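Okay, model19.cif now, which holds mmCIF, C-alpha atoms:
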data_start
#
loop_
_atom_site.group_PDB
_atom_site.id
_atom_site.type_symbol
_atom_site.label_atom_id
_atom_site.label_comp_id
_atom_site.auth_asym_id
_atom_site.auth_seq_id
_atom_site.Cartn_x
_atom_site.Cartn_y
_atom_site.Cartn_z
ATOM 1 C CA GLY A 1 83.804 36.938 100.529
ATOM 2 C CA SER A 2 82.726 38.953 103.595
ATOM 3 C CA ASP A 3 85.350 41.616 102.795
ATOM 4 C CA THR A 4 83.491 42.622 99.608
ATOM 5 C CA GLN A 5 80.206 43.083 101.510
ATOM 6 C CA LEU A 6 82.122 45.300 103.962
ATOM 7 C CA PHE A 7 82.702 47.863 101.188
ATOM 8 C CA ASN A 8 79.280 47.253 99.580
ATOM 9 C CA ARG A 9 77.375 48.412 102.686
ATOM 10 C CA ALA A 10 79.865 51.266 103.200
ATOM 11 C CA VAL A 11 79.413 52.613 99.655
ATOM 12 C CA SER A 12 75.625 52.062 99.769
ATOM 13 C CA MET A 13 75.199 54.377 102.777
ATOM 14 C CA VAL A 14 77.657 56.840 101.190
ATOM 15 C CA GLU A 15 75.967 56.951 97.752
ATOM 16 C CA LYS A 16 72.467 57.251 99.273
ATOM 17 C CA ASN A 17 73.543 60.019 101.673
ATOM 18 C CA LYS A 18 71.696 63.215 100.677
ATOM 19 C CA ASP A 19 74.692 65.300 101.826
ATOM 20 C CA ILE A 20 77.015 63.646 99.282
ATOM 21 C CA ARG A 21 74.179 63.495 96.734
ATOM 22 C CA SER A 22 74.479 67.301 96.502
ATOM 23 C CA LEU A 23 78.210 67.144 95.688
ATOM 24 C CA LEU A 24 77.667 64.629 92.862
ATOM 25 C CA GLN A 25 74.758 66.812 91.687
ATOM 26 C CA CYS A 26 72.701 63.591 91.651
ATOM 27 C CA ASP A 27 68.915 63.749 91.167
ATOM 28 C CA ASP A 28 65.666 61.838 91.811
ATOM 29 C CA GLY A 29 62.354 62.387 89.986
ATOM 30 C CA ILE A 30 59.517 60.322 88.472
ATOM 31 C CA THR A 31 60.959 60.905 84.981
ATOM 32 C CA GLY A 32 64.450 59.647 85.907
ATOM 33 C CA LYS A 33 66.531 59.009 89.047
ATOM 34 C CA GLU A 34 70.338 59.102 89.379
ATOM 35 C CA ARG A 35 72.090 55.827 90.296
ATOM 36 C CA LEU A 36 75.632 55.541 91.705
ATOM 37 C CA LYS A 37 77.968 52.526 91.526
ATOM 38 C CA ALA A 38 81.327 51.922 93.250
ATOM 39 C CA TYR A 39 84.177 49.370 93.220
ATOM 40 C CA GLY A 40 87.470 48.643 95.039
ATOM 41 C CA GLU A 41 90.459 50.303 93.341
ATOM 42 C CA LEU A 42 91.887 49.934 89.815
ATOM 43 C CA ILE A 43 89.768 47.489 87.772
ATOM 44 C CA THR A 44 89.301 46.312 84.162
ATOM 45 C CA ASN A 45 86.673 43.544 84.094
ATOM 46 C CA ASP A 46 83.119 42.742 85.249
ATOM 47 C CA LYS A 47 81.669 40.757 88.176
ATOM 48 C CA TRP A 48 84.026 38.298 89.915
ATOM 49 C CA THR A 49 84.228 35.891 86.946
ATOM 50 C CA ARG A 50 87.798 37.176 86.456
ATOM 51 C CA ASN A 51 89.182 40.389 88.003
ATOM 52 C CA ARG A 52 91.186 41.775 90.948
ATOM 53 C CA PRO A 53 89.729 40.811 94.331
ATOM 54 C CA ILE A 54 89.324 43.479 97.033
ATOM 55 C CA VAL A 55 92.160 43.649 99.582
ATOM 56 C CA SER A 56 91.576 44.256 103.313
ATOM 57 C CA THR A 57 93.923 45.413 106.083
ATOM 58 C CA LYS A 58 93.998 44.216 109.714
ATOM 59 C CA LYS A 59 96.030 45.710 112.589
ATOM 60 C CA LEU A 60 95.835 45.300 116.388
ATOM 61 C CA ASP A 61 96.316 48.180 118.856
ATOM 62 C CA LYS A 62 98.041 48.131 122.270
ATOM 63 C CA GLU A 63 94.888 46.539 123.736
ATOM 64 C CA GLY A 64 94.968 43.805 121.064
ATOM 65 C CA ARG A 65 91.905 45.209 119.260
ATOM 66 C CA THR A 66 92.172 44.382 115.535
ATOM 67 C CA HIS A 67 91.169 47.250 113.214
ATOM 68 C CA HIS A 68 90.201 46.983 109.525
ATOM 69 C CA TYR A 69 90.780 49.581 106.786
ATOM 70 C CA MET A 70 88.943 49.484 103.436
ATOM 71 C CA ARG A 71 89.137 52.078 100.638
ATOM 72 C CA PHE A 72 87.390 52.100 97.239
ATOM 73 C CA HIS A 73 86.333 54.509 94.467
ATOM 74 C CA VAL A 74 82.820 55.424 93.278
ATOM 75 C CA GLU A 75 81.776 56.407 89.735
ATOM 76 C CA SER A 76 78.725 58.636 89.194
ATOM 77 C CA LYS A 77 77.176 60.097 86.020
ATOM 78 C CA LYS A 78 78.884 63.435 86.756
ATOM 79 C CA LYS A 79 82.250 62.238 88.126
ATOM 80 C CA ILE A 80 84.036 59.719 90.382
ATOM 81 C CA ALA A 81 84.358 59.961 94.183
ATOM 82 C CA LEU A 82 86.785 58.298 96.623
ATOM 83 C CA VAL A 83 85.511 56.729 99.867
ATOM 84 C CA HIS A 84 87.839 55.993 102.807
ATOM 85 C CA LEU A 85 86.648 54.414 106.082
ATOM 86 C CA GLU A 86 88.164 52.903 109.245
ATOM 87 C CA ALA A 87 86.547 50.123 111.321
ATOM 88 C CA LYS A 88 87.415 48.339 114.591
ATOM 89 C CA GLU A 89 86.194 45.019 116.050
ATOM 90 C CA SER A 90 84.507 45.126 119.479
ATOM 91 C CA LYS A 91 84.483 42.397 122.161
ATOM 92 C CA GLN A 92 85.836 39.618 119.875
ATOM 93 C CA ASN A 93 84.865 38.105 116.495
ATOM 94 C CA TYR A 94 81.799 40.384 116.254
ATOM 95 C CA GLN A 95 80.467 43.030 113.836
ATOM 96 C CA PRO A 96 83.046 45.606 112.744
ATOM 97 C CA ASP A 97 82.594 49.131 114.155
ATOM 98 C CA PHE A 98 83.234 52.119 111.857
ATOM 99 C CA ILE A 99 84.823 55.160 113.551
ATOM 100 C CA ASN A 100 85.852 57.294 110.561
ATOM 101 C CA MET A 101 84.111 57.607 107.173
ATOM 102 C CA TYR A 102 84.593 60.412 104.619
ATOM 103 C CA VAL A 103 84.720 60.893 100.828
ATOM 104 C CA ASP A 104 86.744 63.094 98.447
ATOM 105 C CA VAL A 105 85.120 64.592 95.326
ATOM 106 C CA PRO A 106 87.067 66.430 92.625
ATOM 107 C CA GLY A 107 85.900 70.055 92.252
ATOM 108 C CA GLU A 108 83.978 69.759 95.545
ATOM 109 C CA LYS A 109 85.041 69.930 99.215
ATOM 110 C CA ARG A 110 85.709 66.647 101.062
ATOM 111 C CA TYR A 111 82.620 65.538 103.020
ATOM 112 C CA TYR A 112 82.764 63.335 106.144
ATOM 113 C CA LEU A 113 79.962 60.797 106.713
ATOM 114 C CA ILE A 114 80.788 59.705 110.285
ATOM 115 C CA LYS A 115 83.836 61.267 111.985
#
Could I get this file's structure written as structure tokens?
Amino acid sequence: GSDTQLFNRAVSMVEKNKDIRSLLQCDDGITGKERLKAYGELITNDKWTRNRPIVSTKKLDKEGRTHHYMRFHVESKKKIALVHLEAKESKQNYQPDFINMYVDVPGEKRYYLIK
């Protein structure tokens, strides 16, 4: 499903961001590097073989522009983070455009990635 990839690329840029890497106290050395993984919301299985699919939202503005909203959680070796982002379609049936992207980490201050 294309919706899943939408969150995959969003979490990838968020987990590789050095700014957020400091909040999760991640690391990166020749002896061992930290790796982060994320998923939609509540879950209790593995892969897509049998679990809850990711849900997506679509809304049009006064101009008729449809916007998409996707939110998911991320689990690191030190804690779990929440990523929320907003995207809008440009022209028509084209690549989604993100306008707002930020994360919330427990014990740390919320950090925006786009804004």
Please evaluate the PyMOL selection byres ((chain A and resi 19) around 12) against the structure above and give the resulting residues as an NGL selection string. :A and (13-18 or 20-26 or 102-103 or 109-114)
Considering only C-alpha atoms, return as a CSV table (one decimal) with C-alpha atoms, keeping the file's coordinate frame whatever protein or nucleic-acid residues lie within 10 Å of range 7-9 of chain A, sequence-local ones (same chain, fewer than 5 positions apart) excluded.
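Ended up saving to part_7.csv:
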chain,number,residue,atom,x,y,z
A,2,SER,CA,82.7,39.0,103.6
A,14,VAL,CA,77.7,56.8,101.2
A,15,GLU,CA,76.0,57.0,97.8
A,37,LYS,CA,78.0,52.5,91.5
A,38,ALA,CA,81.3,51.9,93.2
A,39,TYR,CA,84.2,49.4,93.2
A,40,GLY,CA,87.5,48.6,95.0
A,54,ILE,CA,89.3,43.5,97.0
A,56,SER,CA,91.6,44.3,103.3
A,69,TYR,CA,90.8,49.6,106.8
A,70,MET,CA,88.9,49.5,103.4
A,71,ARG,CA,89.1,52.1,100.6
A,72,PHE,CA,87.4,52.1,97.2
A,83,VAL,CA,85.5,56.7,99.9
A,84,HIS,CA,87.8,56.0,102.8
A,85,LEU,CA,86.6,54.4,106.1
Cut-off 9 Å around (80.7, 56.4, 90.7) with all atoms listed in the file: residues as a PDB file with C-alpha atoms, in the coordinates of the input:
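Result file point.pdb:
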ATOM      1  CA  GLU A  15      75.967  56.951  97.752  1.00  0.00           C
ATOM      2  CA  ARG A  35      72.090  55.827  90.296  1.00  0.00           C
ATOM      3  CA  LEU A  36      75.632  55.541  91.705  1.00  0.00           C
ATOM      4  CA  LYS A  37      77.968  52.526  91.526  1.00  0.00           C
ATOM      5  CA  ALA A  38      81.327  51.922  93.250  1.00  0.00           C
ATOM      6  CA  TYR A  39      84.177  49.370  93.220  1.00  0.00           C
ATOM      7  CA  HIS A  73      86.333  54.509  94.467  1.00  0.00           C
ATOM      8  CA  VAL A  74      82.820  55.424  93.278  1.00  0.00           C
ATOM      9  CA  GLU A  75      81.776  56.407  89.735  1.00  0.00           C
ATOM     10  CA  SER A  76      78.725  58.636  89.194  1.00  0.00           C
ATOM     11  CA  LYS A  77      77.176  60.097  86.020  1.00  0.00           C
ATOM     12  CA  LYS A  78      78.884  63.435  86.756  1.00  0.00           C
ATOM     13  CA  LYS A  79      82.250  62.238  88.126  1.00  0.00           C
ATOM     14  CA  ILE A  80      84.036  59.719  90.382  1.00  0.00           C
ATOM     15  CA  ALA A  81      84.358  59.961  94.183  1.00  0.00           C
ATOM     16  CA  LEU A  82      86.785  58.298  96.623  1.00  0.00           C
TER      17      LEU A  82
END
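Across the chains present, the PyMOL selection byres ((chain A and resi 53) around 12) applied to this file returns residues 1, 2, 3, 4, 39, 40, 41, 42, 43, 44, 45, 46, 47, 48, 49, 50, 51, 52, 54, 55, 56 and 72 of chain A.
The two atoms in question, CA of residue 58 in chain A and CA of residue 93 in chain A, are spaced 12.9 Å apart.
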Which of these, A:29, A:12, A:66, A:61, has the shortest distance to residue 94 in chain A once you count all atoms listed in the file?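 The shortest atom-to-atom distance to residue 94 in chain A comes from A:66.
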May I ask for the distance between CA of residue 99 in chain A and CA of residue 115 in chain A, given in Å to one decimal place? 6.4 Å
Between CA of residue 108 in chain A and CA of residue 33 in chain A, what is the distance, to one decimal in Å? 21.5 Å
Could you check which of A:6, A:59, A:11, A:64 is closest to residue 96 in chain A, using all atoms listed in the file?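 When distances to residue 96 in chain A are compared using all atoms listed in the file, the smallest one comes from A:6.
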For residue 68 in chain A, work out the shell of residues within 6 Å, counting only C-alpha atoms and skipping chain neighbours fewer than 4 positions away, then give it as a list in words.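 Near neighbours after the sequence-gap exclusion: residues 57, 58, 87 and 88 of chain A.
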Draw an axis-aligned box tight on the listed atoms of range 5-23 of chain A, then pad every side by 6 Å and write out centre and edge lengths in Å to one decimal as lines of an AutoDock Vina configuration file.
center_x = 77.2
center_y = 55.2
center_z = 99.8
size_x = 23.0
size_y = 36.2
size_z = 20.3
